[PDB]
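Protein chains: 2
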Amino acid sequence: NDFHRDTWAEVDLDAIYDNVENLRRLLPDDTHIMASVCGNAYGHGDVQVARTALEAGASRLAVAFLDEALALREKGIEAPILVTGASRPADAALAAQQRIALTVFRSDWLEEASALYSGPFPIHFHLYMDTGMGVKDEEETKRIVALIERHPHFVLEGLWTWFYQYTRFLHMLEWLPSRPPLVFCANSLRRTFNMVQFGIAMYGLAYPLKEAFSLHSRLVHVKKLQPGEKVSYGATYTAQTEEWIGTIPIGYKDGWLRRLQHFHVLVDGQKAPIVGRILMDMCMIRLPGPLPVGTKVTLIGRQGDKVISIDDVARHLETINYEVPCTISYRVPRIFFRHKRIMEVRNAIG
Amino acid sequence: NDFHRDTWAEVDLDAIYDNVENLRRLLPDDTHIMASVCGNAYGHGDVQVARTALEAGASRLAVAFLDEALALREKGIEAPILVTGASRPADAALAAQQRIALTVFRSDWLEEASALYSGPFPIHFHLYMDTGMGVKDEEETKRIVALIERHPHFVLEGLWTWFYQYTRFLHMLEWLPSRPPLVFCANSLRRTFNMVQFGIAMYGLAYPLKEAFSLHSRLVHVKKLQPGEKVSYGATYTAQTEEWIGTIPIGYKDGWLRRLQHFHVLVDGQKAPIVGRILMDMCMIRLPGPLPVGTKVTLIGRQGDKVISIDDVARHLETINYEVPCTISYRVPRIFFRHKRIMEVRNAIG
């Protein structure tokens, strides 16, 4: 709850709430919302985001692998959770005991699972259909359906796919004896389909969606450089004029990658360039003018008229926006805001 | 201690041990070895590496900010620890209570610290000297020395710098009434100087030094593609011939960045290219031929005659080797090997 370096992320849970609420309003009353919270909720904080999305109308959670579902259960989350990635047949008992749903991709994964597991908890499976470009034919599907019907503790909960592929999907749906409780697709189509995946869009990333993630630091040293003065930590920055250099305590170990050398952060309402090499723990910006140590630096977020968004950082790095909050390391504290006030602080490094 | 996805890192503590032992032999008996363990020991594991480096001859630890020193103390580490980065004057009482040494860069940081702290623990300070390109003149140094002598609980433990700069340093050393218990420089010069910084070289990264970090996965789906068959998850991979595609459960959320698309991993003793876009949680490789699911994929490490090193990954990414193990996310379990056998497993996600 306390932290001891002037570098932190802010997570606006009101933003999460609002994004989910707008969708919960728009969709029909009988279609479920699934909240994607893999990768520690894309660097925002798994349990804080899950709790908020659930309060706001989400009724189910999606994670990428079993450990992520286990961590949510451990932190007291009770809503249904789907593992959308690969899992070991041997971990079936664990998932069932923890009331975690598993995705199956291959009939012989299920053959192994069936041989290895006898009870006492039911396991819920979702079938991932290969819709074009997972399970791919009628024979494989029928096999799967037989395994589920023949095993006393197996249950076919859902069918899904990732997007002609649609008409393929319609066909594959007909291969089943009956329609499963839940049918949806993963990417977001945000038809029927009685569940939708609010993936990255819950975080404000691509009506109108609110962005949820800010990253900040403070100047920790300020220095006037004379024309010709050098700073060398690896590379060598040579001052062309009289200018001011500030240091901030964030580096590539924090996920503030060497490749953001150049990028323009916000100090005192002005864009300022990250200058010289990004080092493991500190980096230098050329300041808009002289400034006192302790001045806030905004790496992502709003300062005055200006705003830097995740999209901006993604462009400089040449990646998609997803990767940016995900790369911000666990050693960066997150301050969670809810109801315009401060709800909690997670410093993963006690 | 258990983990539930087939993706893991291996950390060879024998490598750490050996690297430190070779240095402990080479250096004079009165010069200390300082072990750099910031950034969770560069992604290898803070407490496991500290413990090993200490067992092997290191007598002091270096971290980048206070929270890192606090986490080490909390996990039972008792050796002296220096914070080499910036700290808040107000946290002085906390560092003193926890017997953590602090680096000072500016005399008015110390003026604040002195005003705010009265006791009961002594605080050890190290002065970082600006040696050319921190504290910069005689007047500032004398001020600092006066503050330390006048305060009952302040102690000047060390002097250091990062590298004519040398002769500057010799001069600055003479500004002090006496020589501090410890004098060293940070970068590695690996003269006197009674302490050296075994930074990145402890990890086998640049006589002969052993590399300590491996990263591995397993194939989780295998698929034969016919000439012209496509896979689309974002980008579109179009098979030019008949070929085999394997999926592994690692993605950019694991620190396996989109930019490693192309890079060549090891499967079945062969180099194989990472193909199509790197997605959040999975990625595809074109296989040397048909292979059963469960086949080990080595992202960094040795398989048969072949070896992929951290340096190789750094080159493909266009960064320094430091950044690579540091970027591998906390959600990747680390398996620690000591005495050729398995010492423990850290799955940060219980």
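Line order of the protein sequences matches chains A and A'. A prime marks a further copy of an entry chain. For the first sequence, the residue numbers in the entry's author numbering are 2 to 134, 138 to 167, 180 to 204, 208 to 209, 213 to 228, 239 to 382. For the second sequence, the residue numbers in the entry's author numbering are 2 to 134, 138 to 167, 180 to 204, 208 to 209, 213 to 228, 239 to 382. Ideal Cβ positions, reconstructed from N, Cα and C, are used throughout, including at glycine.
Discussion item. At a CB distance below 7 Å, what residues from the segment 245 to 258 of chain A approach chain A'? Give them in sequence order.
Written reply: Residues of the segment 245 to 258 of chain A with a C-beta atom less than 7 Å from some C-beta of chain A' are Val252 and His253, listed in chain order.
Interface positions of the segment 341 to 352 of chain A facing chain A' (Cβ-Cβ less than 9 Å), listed along the chain
Of all residues in the segment 341 to 352 of chain A, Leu349, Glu350, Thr351 and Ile352 have a Cβ within less than 9 Å of some Cβ in chain A'.
**Residue range of the unbroken alpha helix (DSSP H) whose run includes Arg52 (chain A)** = Position 51 of the first sequence, counting from 1, holds the residue named residue 52 (chain A). The continuous alpha helix (DSSP H) containing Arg52 (chain A) extends over residues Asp47 to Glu56.
| task | Note down, in chain order, every chain A residue with its Cβ under 7 Å from the Cβ of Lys262 (chain A'). | result | Locating residue 262 (chain A') in the second sequence gives position 230, where the first residue counts as 1. Neighbours of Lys262 (chain A') on chain A, chain order: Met134.
Under a CB-based cut-off of 8 Å, is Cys358 (chain A) close to chain A'?
Along the first sequence, one-based indexing puts residue 358 (chain A) at 326. Closer than 8 Å to some Cβ of chain A', the Cβ of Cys358 (chain A) qualifies, so yes.
Suppose only complete runs of 4+ residues qualify. What are the alpha helix (DSSP H) ranges in the segment 58 to 95 of chain A', listed by chain order? Within the segment 58 to 95 of chain A', the complete alpha helix (DSSP H) runs of at least 4 residues are 67 to 75.
Simplified DSSP state of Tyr269 (chain A'), which is helix, strand or coil: Against the second sequence, residue 269 (chain A') aligns to sequence position 237. Shown here, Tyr269 (chain A') sits in a strand according to DSSP, grouped into three states.
request  = Under the assumption that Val12 (chain A) contacts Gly46 (chain A) (Cβ atoms under 8 Å), give the Cβ distance between them as a whole number of angstroms.
outcome  = As a working note, residue 12 (chain A) is residue 11 in the first sequence. As a working note, residue 46 (chain A) is residue 45 in the first sequence. Right, the Cβ-Cβ distance comes to about 6 Å (below 8 Å), so this counts as a contact.
Span of the alpha helix (DSSP H) holding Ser115 (chain A')?
Taking the second sequence and counting its residues from 1, one reaches residue 115 (chain A') at position 114. From DSSP, the alpha helix (DSSP H) with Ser115 (chain A') extends over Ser108 to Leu117.
Would DSSP call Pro305 (chain A) helix, strand or coil? As a first step, residue 305 (chain A) must be located in the first sequence, where it is residue number 273. The answer is strand: DSSP assigns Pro305 (chain A) an E or B state.
* Can you tell me which of the three DSSP states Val159 (chain A') falls into? => Numbered from its first residue, the second sequence carries residue 159 (chain A') at position 155. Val159 (chain A') falls in the strand class under three-state DSSP.
- Item | Interface partners of residue 395 (chain A') on chain A, CB under 9 Å | Residue 395 (chain A') lies beyond the residue range present for chain A', which begins at 2 and ends at 382; the question has no answer from this structure.
Original post:
So, do the segment 247 to 264 of chain A' and the segment 13 to 24 of chain A' have three or more beta carbon pairs nearer to each other than 8 Å?
Top reply: These segments do not touch.
Any beta-carbon of chain A' closer than 8 Å to the one on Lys328 (chain A)? Numbered from its first residue, the first sequence carries residue 328 (chain A) at position 296. False, the Cβ-Cβ gap to chain A' never drops below 8 Å.
- Going by Cα to Cα distance, which pick from A:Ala150, A:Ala346 and A:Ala202 is closest to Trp191 (chain A)? Mapped onto the first sequence, residue 191 (chain A) falls at position 175. Of the candidates A:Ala150, A:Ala346 and A:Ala202, the one whose C-alpha sits nearest the C-alpha of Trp191 (chain A) is A:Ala150.
Helix, strand or coil at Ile34 (chain A) [DSSP, three-state] = Residue mapping note: residue 34 (chain A) aligns to position 33 of the first sequence, counting from 1. Residue state, collapsed to three classes: strand.
### Exposed unless 16 or more other CB atoms sit within 10 angstroms - verdict on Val21 (chain A')
Along the second sequence, read from residue 1 onward, the residue named residue 21 (chain A') stands at position 20. Around the beta-carbon of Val21 (chain A'), 16 or more other beta-carbon atoms lie within 10 Å, marking it buried.
| Along chain A', which residues have their Cβ under 7 Å away from the Cβ of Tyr284 (chain A)? | If you number the first sequence from 1, residue 284 (chain A) lands on position 252. Residues of chain A' passing the Cβ test: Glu355 and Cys358.
**Report entry** Coil, strand or helix - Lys242 (chain A) by DSSP
**Finding:** By one-based count along the first sequence, residue 242 (chain A) stands at place 210. Correct three-state label for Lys242 (chain A): coil.
*asked:* In whole angstroms, give me the CA-to-CA distance for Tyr354 (chain A') and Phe4 (chain A).
replied: The count along the second sequence starts at 1 and reaches residue 354 (chain A') at position 322. The count along the first sequence starts at 1 and reaches residue 4 (chain A) at position 3. Cα to Cα, the separation comes out at about 25 Å.
Chain A' contact for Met312 (chain A) (CB, 8 Å cutoff): As a working mapping, residue 312 (chain A) is identified with position 280 in the first sequence. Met312 (chain A) counts as touching chain A'.
### Task
Note down, in chain order, each residue of its chain lying with its Cβ closer than 6 Å to the Cβ of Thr270 (chain A), except the 5 sequence neighbours on either side.
The residue labelled residue 270 (chain A) in the question sits at position 238 within the first sequence. Closer than 6 Å at the Cβ level, and outside the excluded window around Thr270 (chain A), lie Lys262.
Run of the alpha helix (DSSP H) containing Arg26 (chain A'), from where it starts to where it stops: Here residue 26 (chain A') corresponds to residue number 25 of the second sequence, with the count starting at 1. In the DSSP assignment, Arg26 (chain A') falls within the alpha helix (DSSP H) that extends over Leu14 to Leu27.
With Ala94 (chain A) and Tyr118 (chain A) assumed to form a contact (beta carbons below 8 Å), what rounded beta-carbon distance in angstroms separates them?
Working through the first sequence from its first residue, we reach residue 94 (chain A) at position 93. Working through the first sequence from its first residue, we reach residue 118 (chain A) at position 117. In this structure, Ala94 (chain A) and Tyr118 (chain A) form a Cβ contact; the two beta carbons are roughly 6 Å apart against a cut-off of 8 Å.
Count the other CB atoms, across all protein chains shown, that sit within 10 Å of the CB of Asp7 (chain A); report buried if there are 16 or more and exposed otherwise. Translated into the one-based positions of the first sequence, residue 7 (chain A) becomes position 6. With 16 or more other Cβ atoms within 10 Å, it is buried.
Practice item. Anything in chain A within Cβ reach of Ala150 (chain A'), meaning under 8 Å, just list it in chain order. Key: By one-based count along the second sequence, residue 150 (chain A') stands at place 146. In chain A, no part has a C-beta under 8 Å from the C-beta of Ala150 (chain A'); the shortest such distance is about 22 Å.
Next item on the list: With 9 Å as the C-beta to C-beta threshold (strictly closer), list the residues of the segment 369 to 381 of chain A near chain A' in chain order.
Entry: Against chain A' - using a Cβ distance shorter than 9 Å - the residues of the segment 369 to 381 of chain A are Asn379, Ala380 and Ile381.
Any heavy atom of the ligand MG closer than 7 Å to the CB of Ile342 (chain A)? The ligand MG is not among the ligands present in this structure, which contains no ligands whatsoever.
*asked:* Please give me, in chain order, every unbroken run of the beta strand (DSSP E) with length at least 3 that falls completely inside the segment 307 to 336 of chain A.
replied: Whole beta strand (DSSP E) segments, 3+ residues: 315 to 319 and 328 to 335.
Q) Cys315 (chain A) CB to nearest chain A' CB: under 8 Å? A) On the first sequence, residue 315 (chain A) is found 283 positions in, with the first residue counted as 1. No, no contact with chain A'.
message = For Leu62 (chain A) and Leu73 (chain A), which I take to be in contact (beta-carbon distance under 8 Å), what is that distance rounded to the nearest angstrom?
response = Within the first sequence, numbered from 1, the residue matching residue 62 (chain A) stands at position 61. Within the first sequence, numbered from 1, the residue matching residue 73 (chain A) stands at position 72. Between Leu73 (chain A) and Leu62 (chain A) the Cβ distance is about 7 Å, and since that is below 8 Å, they are a contact.
Whose C-alpha, out of A':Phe185, A':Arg89 and A':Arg52, is nearest the C-alpha of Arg213 (chain A')? Numbered from 1 along the second sequence, position 191 holds the residue referred to as residue 213 (chain A'). Per the C-alpha coordinates, the member of A':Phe185, A':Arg89 and A':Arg52 positioned closest to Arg213 (chain A') is A':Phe185.
- Message: Excluding the 5 residues flanking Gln181 (chain A) on each side, which residues of the same chain have their C-beta closer than 7 Å to its C-beta?
- Response: Residue numbering aside, residue 181 (chain A) sits at position 165 when the first sequence is read from its first letter. So the qualifying residues of the chain are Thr132 and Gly133.
Tell me the rounded alpha-carbon separation between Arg291 (chain A') and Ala65 (chain A). As a working mapping, residue 291 (chain A') is identified with position 259 in the second sequence. As a working mapping, residue 65 (chain A) is identified with position 64 in the first sequence. Rounded to the nearest angstrom, the two C-alpha atoms are 21 Å apart.
Among the residues of its own chain, which have a CB less than 8 Å from the CB of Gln98 (chain A), if the five just before and after it don't count?
-> Residue numbering aside, residue 98 (chain A) sits at position 97 when the first sequence is read from its first letter. Hits under 8 Å: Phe122.
inquiry  = Beta carbons nearer than 8 Å to chain A: which residues of the segment 50 to 76 of chain A' have them?
reply    = From the segment 50 to 76 of chain A', only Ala65, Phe66, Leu67, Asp68, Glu69, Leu71, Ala72 and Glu75 have a Cβ closer than 8 Å to chain A.
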